[PDB]
Amino acid sequence: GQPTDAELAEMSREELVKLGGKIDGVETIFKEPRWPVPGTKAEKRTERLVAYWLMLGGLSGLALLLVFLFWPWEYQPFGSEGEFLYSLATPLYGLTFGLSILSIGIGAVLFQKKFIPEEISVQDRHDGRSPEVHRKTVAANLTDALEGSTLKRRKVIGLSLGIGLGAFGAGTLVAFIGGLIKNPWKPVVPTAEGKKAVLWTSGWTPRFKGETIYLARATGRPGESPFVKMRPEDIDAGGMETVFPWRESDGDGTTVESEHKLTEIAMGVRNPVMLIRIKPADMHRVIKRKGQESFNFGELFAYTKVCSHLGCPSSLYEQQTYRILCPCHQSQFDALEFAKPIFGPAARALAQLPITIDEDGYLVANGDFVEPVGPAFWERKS
Amino acid sequence: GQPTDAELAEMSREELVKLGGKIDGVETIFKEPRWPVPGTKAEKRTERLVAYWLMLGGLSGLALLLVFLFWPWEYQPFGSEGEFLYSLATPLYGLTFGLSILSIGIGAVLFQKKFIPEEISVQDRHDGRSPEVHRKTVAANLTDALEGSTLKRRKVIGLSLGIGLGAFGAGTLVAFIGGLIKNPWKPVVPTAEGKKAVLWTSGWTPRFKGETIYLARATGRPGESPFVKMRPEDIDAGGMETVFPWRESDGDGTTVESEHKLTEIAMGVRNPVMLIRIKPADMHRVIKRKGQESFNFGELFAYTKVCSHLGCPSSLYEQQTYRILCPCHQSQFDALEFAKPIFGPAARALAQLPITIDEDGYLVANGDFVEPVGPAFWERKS
Amino acid sequence: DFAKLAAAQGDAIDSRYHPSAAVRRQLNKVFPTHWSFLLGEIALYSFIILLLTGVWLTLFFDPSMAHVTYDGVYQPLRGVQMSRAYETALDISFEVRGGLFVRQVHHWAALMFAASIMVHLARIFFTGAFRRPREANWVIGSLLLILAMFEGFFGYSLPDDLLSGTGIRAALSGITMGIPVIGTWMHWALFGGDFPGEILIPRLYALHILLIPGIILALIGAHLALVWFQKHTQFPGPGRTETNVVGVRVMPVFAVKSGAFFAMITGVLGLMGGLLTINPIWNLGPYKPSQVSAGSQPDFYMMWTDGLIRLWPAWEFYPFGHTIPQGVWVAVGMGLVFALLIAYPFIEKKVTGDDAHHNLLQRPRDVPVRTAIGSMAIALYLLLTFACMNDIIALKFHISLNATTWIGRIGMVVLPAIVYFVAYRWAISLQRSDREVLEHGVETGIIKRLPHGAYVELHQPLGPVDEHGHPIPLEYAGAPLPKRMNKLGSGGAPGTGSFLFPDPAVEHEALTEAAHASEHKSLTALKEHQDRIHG
Amino acid sequence: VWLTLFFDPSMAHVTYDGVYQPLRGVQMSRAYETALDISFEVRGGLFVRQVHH
Amino acid sequence: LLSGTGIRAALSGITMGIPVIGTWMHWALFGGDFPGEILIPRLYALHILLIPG
Ligand SMILES: CC(C)=CCC/C(C)=C/CC/C(C)=C/CC/C(C)=C/CC/C(C)=C/CC/C(C)=C/CC/C(C)=C/CC/C(C)=C/CC/C(C)=C/CC1=C(C)C(=O)c2ccccc2C1=O
Ligand SMILES: CC(C)=CCC/C(C)=C/CC/C(C)=C/CC/C(C)=C/CC/C(C)=C\CC/C(C)=C/CC/C(C)=C/CC/C(C)=C/CC/C(C)=C/CC1=C(C)C(=O)c2ccccc2C1=O
Ligand SMILES: CC(C)=CCC/C(C)=C\CC/C(C)=C/CC/C(C)=C/CC/C(C)=C/CC/C(C)=C/CC/C(C)=C/CC/C(C)=C/CC/C(C)=C\CC1=C(C)C(=O)c2ccccc2C1=O
Ligand SMILES: CCCCCCCCCCCCCCCC(=O)O[C@H](COC(=O)CCCCCCC[C@@H](C)CCCCCCCCC)COP(=O)(O)O[C@H]1[C@H](O)[C@H](O)[C@H](O)[C@@H](O)[C@@H]1O
Ligand SMILES: CCCCCCCCCCCCCCCC(=O)O[C@H](COC(=O)CCCCCCC[C@@H](C)CCCCCCCCC)COP(=O)(O)O[C@H]1[C@H](O)[C@H](O)[C@H](O)[C@@H](O)[C@@H]1O
Ligand SMILES: CCCCCCCCCCCCCCCC(=O)O[C@H](COC(=O)CCCCCCC[C@@H](C)CCCCCCCCC)COP(=O)(O)O[C@H]1[C@H](O)[C@H](O)[C@H](O)[C@@H](O)[C@@H]1O
Ligand SMILES: CCCCCCCC/C=C\CCCCCCCC(=O)OC[C@H](COP(=O)(O)OCCN)OC(=O)CCCCCCCCCCCCCCC
Ligand code: HEM
Ligand code: FES
Ligand code: FES
C-alpha cells in the first residue's frame with residue numbers, strides 16, 4: 001500500500017506491468033505466450049504463414065501501383081480494341097488494392113491470434129455514482145459559483161439577462177432563416193390573367209390571351225430543333241407521345257435567345273404531357289370529367305405526365321388496357337375514363353390538357369389545365 | 001489526510017469548496033464578495049447599470065428582429081426612391097445585431113467585475129516528468145506489449161510487414177494523387193504544325209496554315225457581336241485598344257455554336273493583345289527585337305497584354321512615355337523599344353504579335369508570336 | 001539506435017507533457033473480446049473510408065445545375081444537355097485515373113456504413129446495451145443512423161442523374177409539398193423556388209460534404225467517448241460481473257486486432273469497389289422531368305421509406321378548400337418511426353420498470369418480449385424494403401405488380417404479428433433448450449443398456465454428478481451453454497505436423513501438452529477469479 | 001455554413017439576368033452569380049458575407 | 001475580377017514558374033491551363049471542408 005518510491009528500480013517488467021494494472025484497476029490473468037516450447041517447427045510454419053500473408057499484401061500493393069500507373073485505362077468507345085482492357089481496368093485497381101490491404105489485415109490478425117500472448121485481463125469497473133466526496137464537492141463548487149455570483153438575488157439582472165439572450169437569439173435565428181424563407185405564392189410567372197404563383201402556372205399557361213401553344217414533340221436531336229410541331233396523323237391508334245408546350249417564339253435552338261427557352265421547356269416540371277390515341281373501337285368506353293368533356297380532340301387525349309402523387313412522370317402507358325402507370329410508386333390511372341387513379345398511392349386524376357388543331361392541322365392546346373397539374377399540396381382543390 | 005467518509009454531511013459549502021480545491025491542487029485565496037456592506041445604494045446603482053446594459057442588448061436584439069422582418073431591403077437600381085433605405089438596410093442589420101450582442105457582453109463583463117466575488121485562486125502546477133512510478137510503469141507496459149508480441153524476433157514478419165505496409169502506402173498514395181497529375185506537355189491544342197501543348201499555343205496560333213486572325217475589338221455589347229473586326233484608322237496616335245484573335249468562323253454570338261467560340265476567345269489567358277498606335281513623331285525612337293523588326297505595321301505595334309511576370313494583364317498604357325504598366329506588381333515595359341521591362345519584377349519583354357492589313361484594310365495578325373507569350377516557366381527559351 | 005530514439009522521445013514527451021498516467025490508463029483499458037462488439041467498429045471504419053474517398057471526390061466534383069453539353073469522352077452521351085454536376089460525375093468516372101474506382105468504393109462504403117449501423121443497432125437492441133447507463137448513447141446513435149440515412153440520400157442525389165433526380169422529385173419535393181400548413185413553404189425554402197430550383201445540388205453538396213459529415217463526426221466522437229468511459233458492457237460469463245470488464249487490454253491485443261479488422265474492412269470495400277458496379281450513372285442519362293425508368297428505387301437504407309410510400313393505401317383528406325395528400329401519411333410514419341427508435345430505452349424502462357444500472361448484456365433469448373419486438377420491427381423493415389423493390393421483384397420473379405403491392409399492404413400488418421409470435425416462442429424455446437442442457441448435460445451418441453434393451457443417449461453433465469448417474473442441475477447464469485461435445489474437450493487433437501506431412505513425435509507431444517497446460521491454466525485462472533469475487 | 005447554403009461554385013458561364021442592374025447580360029461564372037445573389041437577392045446575405053470576411 | 005487577378009498572379013504564375021515541377025503542379029491544381037473549369041470547385045472543397053477541418 002505504498003507508491004514504491006525506490007523499489008521500481010529493481011522491479012522487473014512483469015512486476016511493473018502488474019503494478020500498472022493494479023493502479024488502473026486491471027488484473028491480468030493468464031497472460032501466456034503462444035509458443036512456450038522453443039525450437040518447434042510448428043512455430044516456424046506459423047511464422048512463415050503470417051509472413052506469406054504480409055508478403056502477399058505487399059505484392060498486391062505493388063501490383064496496385066504497377067497497374068494504376070501502367071494499364072490501358074481511359075474510356076474506349078463501343079466495340080473497339082481496348083474495350084476489354086478498359087472494362088477490367090477499374091476492377092483490377094480495386095482487386096489489387098483490396099487484396100493488398102485485406103492480406104495485410106489477415107497477416108496482422110494471424111499474428112495476434114498465433115504470436116501475441118493470450119490474456120484474460122479483467123478491469124475493475126467503477127461505473128455509476130462517483131464517490132460521495134466527489135459528488136458533494138462538485139455540487140458545492142457549482143452551488144458556490146451560482147450563489148456567490150449573487151445571481152438569483154438580482155431579480156432585475158436575472159430577468160434582464162433572460163430578456164436580452166432571448167431577444168438576441170430570436171433576432172439571430174430569424175436573420176439566419178429569413179434568407180432561406182421564400183413565399184411560394186408570390187405572383188411571379190406572367191399570365192394572361194396577370195402574374196400568378198408558380199404552382200398554378202406551367203408551360204401550358206397562356207402568357208397572353210389566345211396564345212398558340214403547340215404540342216411539340218421532343219425529338220432527341222442533340223440541341224438543335226429539339227421541339228418540332230406535331231400533327232394528329234403522326235400518332236396512330238394505341239400510341240403515346242410525350243409533347244411539350246412549344247411556341248412559335250420559342251423557335252429552334254440555333255440562337256442563344258432560343259436554347260434557353262427550349263431548355264426551360266424541357267426542364268419544366270409541369271410541362272411534359274402525354275398525348276395518347278384512344279382506339280376508335282375503345283372510344284365508347286371513355287368516361288369524361290366535369291369541364292373536360294370537350295378537351296379531347298376526337299380520339300386524342302392529352303394528360304399530364306406528372307403523377308398526381310409526388311409528381312414523378314407517369315410515362316408507362318399500357319394500351320389494350322389504357323392504363324397510365326407511374327414507375328416511382330406503381331400507381332395506375334385509367335386513361336379511358338378521365339385519368340383517375342385505379343391503383344396505387346395516387347388519389348387524384350391526372351390533369352387533362354385541352355387539345356385541338358390550329359391552322360395547318362398542327363396539334364395545339366385549346367386552353368390550360370382546369371386544375372393545378374403537379375402533385376397536390378395544401379392550397380389545392382378550391 | 002482522510003477522504004472524509006461521513007464528515008461531508010456536515011461540511012458546509014465553503015468547506016466543500018476548499019476540499020475540492022485541495023484535491024485538485026487549487027488553493028482559493030481571498031475569495032471576497034464585491035458588496036460586503038448590505039443595503040447601500042451604490043450596489044443598487046451598479047445593479048441597475050448592468051441591468052440597463054442587458055436591457056439595451058435585448059432592445060437591440062428586438063430591433064434586429066423587427067428591422068430584418070420589416071425594412072425596405074432589396075436592391076434599388078439607382079437614384080430611385082428607396083435607394084437610400086436600401087443603402088442603410090444592411091448597415092442597420094449589422095448595427096442592431098452587433099449592438100445587441102455587444103451590450104449583452106458588456107453586461108456580462110460588468111456583472112463579473114462588480115458582483116461576482118473576487119478570487120486570486122492559485123493552482124499547483126504538476127508540469128513535467130510524471131512521477132517515476134508512472135513513467136516506469138508506462139515504459140514497462142509498452143515494452144511488454146512490444147516484446148511479448150514476439151516481434152523483433154520474427155525477422156521474416158518484421159521485414160514482411162514493413163514491405164507490405166510500404167507497398168500498400170505507395171500504391172494508395174500514387175493511386176490517390178495520380179488522378180490529379182496531368183502532363184502539361186500533352187499535345188492537345190490543334191495547330192498548323194500538328195497538335196501542340198497548351199502553353200505553346202494561344203488563340204493567335206494559326207489553326208491551319210494561312211489562317212486569317214483578325215484583331216477584333218471587344219465591344220462591351222452584352223453577348224451579341226462581342227468581337228468586331230478592326231481597321232488601322234480606328235486608332236489614333238497615342239491610342240491603345242485591346243484586341244482579340246477573331247476568326248470569320250467565330251461569327252457573332254447569336255448562334256449557340258458561336259458564343260462558345262467567342263467565350264473561349266474572351267477567356268483565353270494568352271488571347272488578349274494591346275494594339276498601340278505609336279505617335280509618328282516618336283516613331284524614330286523605336287528599337288526593334290531580333291526577328292520582330294517587320295512585326296509592326298507602320299506605326300501599329302501589337303504586344304501581348306499578359307505581363308511577362310506572373311501573367312497579369314499589362315493593361316496600363318502611358319502615352320508620351322510609351323510605358324506599358326502592369327497593375328499587379330508595378331512593372332513597366334518600354335513600348336518604344338521592343339516591350340522590354342524597364343522597371344519592376346518583369347525580366348522578359350512582352351511578346352510582339354505580327355500584324356498587317358488583309359484585303360479591305362482590316363487588321364489581321366501576320367503570324368504568331370515567335371515566343372511563348374504567357375509568363376515564363378521551366379521549359380522556355382529553347 | 002531505434003531503442004535509444006524511442007526512449008529519448010518518450011522522455012521528451014513525458015517532460016514537455018505528463019501523459020504517463022493517462023496513457024497507461026488508455027493502454028490498460030480492458031475491452032470485451034466478443035465478436036458482436038466489432039459491429040460498431042465496422043460502421044466506424046466504413047465512415048473513415050467514406051471521409052477519405054469523399055475528400056478525393058470533392059477534389060473533382062462540381063455541384064451545379066448549370067446546363068452544359070457533355071463534349072467529353074463517353075460517346076453515348078455527347079451533345080446532350082446536362083447539369084455540371086452530372087458532367088463532373090462523368091468526368092470522375094471516365095476522365096480521372098481511378099475516379100470510377102474511388103466513387104464506387106465511396107458508394108460501397110456508404111452502403112456498408114448504413115448496413116453496419118443497422119447491424120450494430122440490432123446487436124445493441126437485442127442484447128440490451130441501451131439500459132440505464134447508456135440510453136443517451138442509444139439516443140445519439142439513433143440520431144447518427146438518421147443522419148447517415150439522409151447523408152447517403154444526399155450523396156447519391158449529388159450527381160444529378162435520372163434515377164437520383166426522380167427519387168429526389170418524389171421524396172423531397174412531393175412529400176415536402178404535401179405537409180399541410182408549411183409544406184409548400186418548406187419546399188420553397190429548401191429548393192429556393194420550384195422543384196428544379198438552381199440551388200438544390202449546391203445546397204445538398206454543402207450539406208453532404210461539410211454540414212452533415214461534421215455533425216456525424218461530432219456525434220461519433222461523443223459515441224466513442226461514451227463507450228470508452230462508460231466501460232463497454234459484456235455478456236454474462238465465468239468471471240464477468242456487473243462491476244468488472246473481462247477481456248483484453250487496449251495495447252497488446254485489442255489495438256492490433258482492431259487495426260487488422262480495419263485493414264480487412266478496407267480490403268472488402270476495395271474489392272467490392274473493384275469487382276461490383278455501383279450506381280453506373282453513365283447508363284443513367286442526365287435528369288430530365290420527362291424521362292423516367294421502371295426501377296426508380298433509392299439506396300437500401302431509404303428503400304423502407306420508399307416502400308412505405310408505395311404500400312400506404314392512397315388515403316387523402318380534403319379539408320375546407322385544402323388537400324392533405326398521401327405524402328403526409330408517410331412523413332408522419334417516418335416521424336413516428338424515428339421517435340419510437342430514439343425513445344425506445346425510455347419506453348422500455350417505463351413499460352418494464354427497470355431503473356437498475358445494467359452492465360451485463362441480456363441474451364436475446366433471455367429477453368423474449370424485446371427479442372420478439374425487435375424481430376417484428378425487422379420483419380416490418382424487410383417487408384417495406386422488398387415492397388420498394390416490388391417493381392424488380394415482380395419483373396424478375398414472375399409476380400403481378402398489383403399482387404406484390406397488396407402482399408406488402410396485407411403483410412405490413414400480418415407479417416409483423418407472425419414474426420412477433422414466432423420470435424417470442426422461439427426465444428422461450430431457446431431458453432427451454434438451455435435449461436434442458438443445464439439439467440441433463442450435453443447430448444452424445446446412443447448406447448444400448450447391457451441387461452435390457454433400453455436406449456440412452458449417454459449425456460455429458462456440465463456440473464457435479466450426483467452419487468448416482470443423474471447429475472445435479474446447474475443454475476442458469478445468463479451465459480451460453482455448450483450443446484455439442486464438439487466444442488468441449490472431446491475430439492480436438494489432430495496431428496500437429498502440417499497439412500501434408502507430420503512433425504516429430506517429440507515436437508507434437510511437447511506442443512499438445514503445452515496447449516493443454518495453457519488452456520487449463522486459463523480455465524483455472526477464470527475459475528479462481530470467479531470464486532474470489534464471491535467466495 | 002450560412003454562405004454555403006447559398007453559394008454555387010462553378011465556372012459555368014451564365015448571363016446574370018438578376019437584380020443588380022449594372023451587371024446584366026454580362027457573361028459571368030456561376031460562382032460570381034451566386035455571390036451576387038447572396039449580396040442582393042438573399043435577405044441579410046450581404047451582411048452575412050460581410051461579417052464573414 | 002480582383003480576386004481572380006490575384007489568383008492569376010500568385011497561384012498560377014508562382015506555381016508555374018517553379019523549376020522542376022512548376023508546370024506539373026500548376027496543371028494538377030487547375031486541371032489544366034489557368035482558367036481550368038475545376039479551380040473554383042476545388043477551392044470550395046478546400047475552403048469549406050478540407051482546410052477548415
Ligand atoms: C412486398 C413483398 C415482399 C411482396 C411479395 C413479392 C415477393 C418477394 C415474393 C417472393 C419472391 C420469391 C421467393 C419467388 C419465387 C417463387 C415463390 C414465391 C415460391 C414460394 C416461396 C416459398 C415459401 C418457398 C419455400 C422455400 C423458400 C424459402 C424459397 C425462397 C427462394 C428465394 C428467392 C430465396 C432468396 C430470397 C430473394 C433474393 C428474393 C428476391 C429479393 C431481391 C430484392 C433480389 C434483388 C436482386 C435482383 C432483383 C436482381 O435481379 C439481381 C441480379 C444480379 C445480381 C443481384 C441481383 C439482386 O440482388
Ligand atoms: C415516451 C417516452 C418515455 C419518451 C422518452 C423521452 C425522450 C424522447 C428522450 C430523448 C430526448 C431527445 C430525443 C433529445 C434531443 C437529442 C438531440 C436532437 C440532440 C442534438 C443532436 C446534434 C448534436 C445535432 C442535430 C442532429 C439531428 C438532425 C438530430 C435530429 C434527427 C431527426 C429526428 C431527423 C428527422 C428528419 C425528418 C424526417 C423530419 C420531419 C420533417 C419533414 C417531414 C421533412 C420533409 C422530408 C424531407 C426533407 C426528406 O428529405 C424526405 C426523404 C425521404 C422521405 C420523406 C422525406 C420528407 O418528408
Ligand atoms: C484509387 C484510389 C484513390 C484508391 C484509394 C482509396 C481511397 C480514396 C481511400 C482509402 C485508401 C487508404 C488510405 C487505405 C488504408 C486505410 C487505413 C489507415 C488502414 C489502417 C489499417 C492497417 C493498414 C492495419 C495494419 C495491420 C496492423 C499492424 C494493425 C495494428 C496497428 C494499427 C494500424 C492500429 C490502428 C488502430 C485504429 C483503427 C485506430 C482508429 C482511430 C479511431 C478513429 C478511433 C479509435 C477507436 C476504435 C478503433 C474502436 O474500436 C473503439 C471502440 C469503442 C470505444 C472507442 C473506440 C475508439 O476510440
Ligand atoms: C420569435 C421570432 C418572431 C418572428 C417570427 C418570424 C416569422 C414571421 C415573418 C414576418 C415577416 C413577413 C412579412 C414581411 C417579409 C416578407 O414578405 O417575406 C416573407 C418571408 O418573411 C421573411 O422575410 C423571412 C421570415 C423569417 C424567418 C423566421 C424563422 C423562424 C422563426 C419563427 C424561429 C426563430 C425564432 C426563435 C425561436 C426559436 C428559439 C430556439 C429554441 C415572404 O418572402 P418573399 O415575398 O417571397 O421574398 C423573399 C424574402 O422574404 C426572403 O427573405 C429573401 O431571401 C428572398 O428569398 C425573397 O424571395
Ligand atoms: C513510390 C511510388 C513510385 C511511383 C512513382 C510514380 C510517378 C511516376 C509516374 C509513372 C507513370 C507515367 C507514365 C504512364 C502514365 C501517364 O502517362 O500519365 C502521366 C502522369 O502519370 C500518372 O498517370 C499519374 C502519376 C502518379 C502520381 C504519383 C504521386 C506522387 C508519388 C511519387 C508519391 C507517393 C508514393 C509514396 C511515397 C510517399 C510516402 C508518404 C511518406 C501524364 O498524364 P497525361 O498523359 O496528361 O494523362 C492524364 C492522366 O495521367 C491522369 O492520370 C488523368 O487523371 C488525366 O487527368 C490525364 O489527362
Ligand atoms: C503535383 C505535381 C507534382 C509533380 C509530380 C510530377 C512531376 C514530373 C516531372 C518529371 C516529368 C518529365 C519532365 C518534363 C518537363 C521538364 O521538366 O523538362 C525537362 C528538364 O530536364 C532538364 O534538362 C533540366 C536539367 C538541366 C538544367 C540544370 C538546372 C538546375 C536547376 C533545376 C536548379 C534550380 C532549382 C531551384 C528550386 C527552386 C524551388 C522553388 C520553390 C526536359 O524536357 P523533357 O523531359 O524532354 O519534356 C519536354 C519539355 O521540355 C518540352 O518543353 C515539351 O515540348 C515536351 O516535349 C516535353 O516532353
Ligand atoms: C414494429 C412494431 C412497432 C415498434 C415497437 C417499438 C415501440 C415500443 C414497443 C412496445 C410498447 C408497448 C409495450 C406494452 C405495454 C403494456 C401495457 C400495460 O398494460 O401495462 C403493463 C405494464 C407492466 O406492468 P407490470 O407491473 O409488469 O404487471 C403486468 C401487468 N400485466 O405496466 C407499465 O408499467 C407500463 C404502462 C404504460 C407503458 C406505455 C408504453 C408505450 C408508450 C408510448 C410509446 C409508443 C408505443 C407504440 C406501440 C407500438
Ligand atoms: C459520412 C457518411 C457518407 C455517406 C453515407 C455518403 C454517401 C454517398 C453516396 C452513396 C454517394 C454516391 C456516390 C456515387 O453515386 O458514385 C456519395 C457521393 C459523394 N460524396 Fe458522400 N457520403 C458520406 C460522406 C462524404 C464526405 C465526408 C464527403 C467529403 C469529404 C463526401 C463527398 C461526396 C461527393 C463529392 C460525392 C459526389 C461524387 C459523385 O457524384 O460521384 N461524402 N456520397
Ligand atoms: S410518384 Fe407516381 S404514383 Fe407516386
Ligand atoms: S503580374 Fe505583371 S509585373 Fe507581376
# chains A, B, ... in the order shown; residues from 1 in each chain; ligands from 1

call {"tool": "residues_near_ligand", "arguments": {"ligand": "ligand 7", "cutoff": "9 Å", "atoms": "only C-alpha atoms and all ligand atoms", "output": "PyMOL selection string"}}
result
chain C and resi 336-337+339-341+343-353+369-370+373-381+416-417+420

call {"tool": "closest_atom_pairs", "arguments": {"of": "chain B", "to": "chain C", "cutoff": "7 Å", "atoms": "only C-alpha atoms", "output": "tab-separated table"}}
result
residue	atom	partner	partner_atom	distance
B:127	CA	C:18	CA	6.7
B:128	CA	C:15	CA	4.4
B:129	CA	C:15	CA	4.5
B:130	CA	C:18	CA	5.1
B:134	CA	C:20	CA	5.5
B:135	CA	C:20	CA	5.6
B:138	CA	C:24	CA	5.5
B:145	CA	C:252	CA	4.9
B:175	CA	C:98	CA	7.0
B:178	CA	C:97	CA	6.5
B:179	CA	C:97	CA	4.5

call {"tool": "atom_distance", "arguments": {"atom1": "CA of residue 194 in chain A", "atom2": "CA of residue 289 in chain A"}}
result
27.5 Å

call {"tool": "residues_near_ligand", "arguments": {"ligand": "ligand 2", "cutoff": "6 Å", "atoms": "only C-alpha atoms and all ligand atoms", "output": "PyMOL selection string"}}
result
chain C and resi 143+146+171-172+175-176+215+305+331+335+338+342-343+346-347

call {"tool": "atom_distance", "arguments": {"atom1": "CA of residue 50 in chain B", "atom2": "CA of residue 107 in chain B"}}
result
5.0 Å

call {"tool": "residues_around", "arguments": {"residues": "residue 17 in chain D", "least_positions_apart": "6", "cutoff": "12 Å", "atoms": "only C-alpha atoms", "output": "list in words"}}
result
residues 222 of chain B; 23, 24, 25, 26, 27, 28, 30, 33, 34, 36, 37 and 41 of chain D

call {"tool": "select_by_dssp", "arguments": {"residues": "chain D", "states": "strand (DSSP E)", "output": "PDB file with C-alpha atoms, in the first residue's frame"}}
result
ATOM      1  CA  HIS D  13     -20.701  30.733 -67.743  1.00  0.00           C
ATOM      2  CA  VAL D  14     -24.055  32.448 -67.244  1.00  0.00           C
ATOM      3  CA  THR D  15     -25.604  35.789 -68.090  1.00  0.00           C
ATOM      4  CA  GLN D  27     -21.066  36.677 -69.074  1.00  0.00           C
ATOM      5  CA  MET D  28     -20.089  35.529 -65.590  1.00  0.00           C
ATOM      6  CA  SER D  29     -19.402  32.314 -63.729  1.00  0.00           C
TER       7      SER D  29
END

call {"tool": "closest_residue", "arguments": {"among": "D:31, D:19, D:1, D:38", "to": "chain B", "atoms": "only C-alpha atoms"}}
result
D:19

call {"tool": "interface_residues", "arguments": {"of": "chain A", "to": "chain B", "cutoff": "6 Å", "atoms": "only C-alpha atoms", "output": "list in words"}}
result
residues 13, 16, 17, 20, 51, 54, 55, 57, 58, 61, 62, 64, 65, 116, 137, 140, 141, 149, 157, 160, 161, 163, 164, 167, 168, 171, 254, 255 and 256 of chain A

call {"tool": "closest_atom_pairs", "arguments": {"of": "chain C", "to": "ligand 9", "cutoff": "8 Å", "atoms": "only C-alpha atoms and all ligand atoms", "output": "JSON lines"}}
result
{"residue": "C:170", "atom": "CA", "partner": "ligand 9", "partner_atom_place_in_ligand_line": "1 (S)", "distance": 5.5}
{"residue": "C:309", "atom": "CA", "partner": "ligand 9", "partner_atom_place_in_ligand_line": "4 (Fe)", "distance": 7.3}
{"residue": "C:310", "atom": "CA", "partner": "ligand 9", "partner_atom_place_in_ligand_line": "4 (Fe)", "distance": 6.9}

call {"tool": "closest_atom_pairs", "arguments": {"of": "chain D", "to": "chain E", "cutoff": "7 Å", "atoms": "only C-alpha atoms", "output": "JSON lines"}}
result
{"residue": "D:9", "atom": "CA", "partner": "E:41", "partner_atom": "CA", "distance": 5.2}
{"residue": "D:10", "atom": "CA", "partner": "E:41", "partner_atom": "CA", "distance": 6.0}
{"residue": "D:11", "atom": "CA", "partner": "E:37", "partner_atom": "CA", "distance": 5.8}

call {"tool": "write_last_selection", "arguments": {"atoms": "N, CA and C atoms", "output": "short mmCIF file (atom, residue, chain, number, x, y, z; two decimals), in the first residue's frame"}}
result
data_model
loop_
_atom_site.label_atom_id
_atom_site.label_comp_id
_atom_site.auth_asym_id
_atom_site.auth_seq_id
_atom_site.Cartn_x
_atom_site.Cartn_y
_atom_site.Cartn_z
N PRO D 9 -20.39 26.95 -56.41
CA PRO D 9 -19.05 27.04 -57.01
C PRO D 9 -19.03 26.44 -58.41
N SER D 10 -18.75 27.27 -59.40
CA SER D 10 -18.60 26.78 -60.77
C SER D 10 -18.14 27.91 -61.66
N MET D 11 -17.36 27.57 -62.68
CA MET D 11 -17.04 28.49 -63.76
C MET D 11 -18.05 28.45 -64.89
#

call {"tool": "select_by_dssp", "arguments": {"residues": "chain E", "states": "alpha helix (DSSP H)", "output": "ChimeraX atom specification"}}
result
/E:2-7,15-17,22-30,39-45

call {"tool": "write_last_selection", "arguments": {"atoms": "C-alpha atoms", "output": "short mmCIF file (atom, residue, chain, number, x, y, z; two decimals), in the first residue's frame"}}
result
data_model
loop_
_atom_site.label_atom_id
_atom_site.label_comp_id
_atom_site.auth_asym_id
_atom_site.auth_seq_id
_atom_site.Cartn_x
_atom_site.Cartn_y
_atom_site.Cartn_z
CA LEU E 2 -9.92 41.46 -58.17
CA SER E 3 -9.62 38.01 -56.61
CA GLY E 4 -9.27 36.24 -59.95
CA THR E 5 -6.45 38.62 -60.84
CA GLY E 6 -4.85 37.75 -57.51
CA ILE E 7 -5.23 34.05 -58.29
CA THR E 15 3.23 27.73 -59.25
CA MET E 16 4.11 27.55 -62.95
CA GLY E 17 7.49 29.23 -62.52
CA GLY E 22 6.20 24.09 -61.60
CA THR E 23 4.06 23.47 -64.66
CA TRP E 24 3.17 19.97 -63.33
CA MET E 25 1.87 21.47 -60.06
CA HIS E 26 0.00 24.16 -61.98
CA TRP E 27 -1.77 21.65 -64.29
CA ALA E 28 -2.57 19.27 -61.43
CA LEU E 29 -4.08 22.08 -59.31
CA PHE E 30 -6.01 23.72 -62.16
CA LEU E 39 -10.38 25.57 -59.97
CA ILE E 40 -13.24 27.15 -58.02
CA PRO E 41 -14.93 23.83 -57.12
CA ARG E 42 -11.57 22.56 -55.87
CA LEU E 43 -11.01 25.73 -53.84
CA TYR E 44 -14.56 25.45 -52.50
CA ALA E 45 -13.87 21.95 -51.23
#
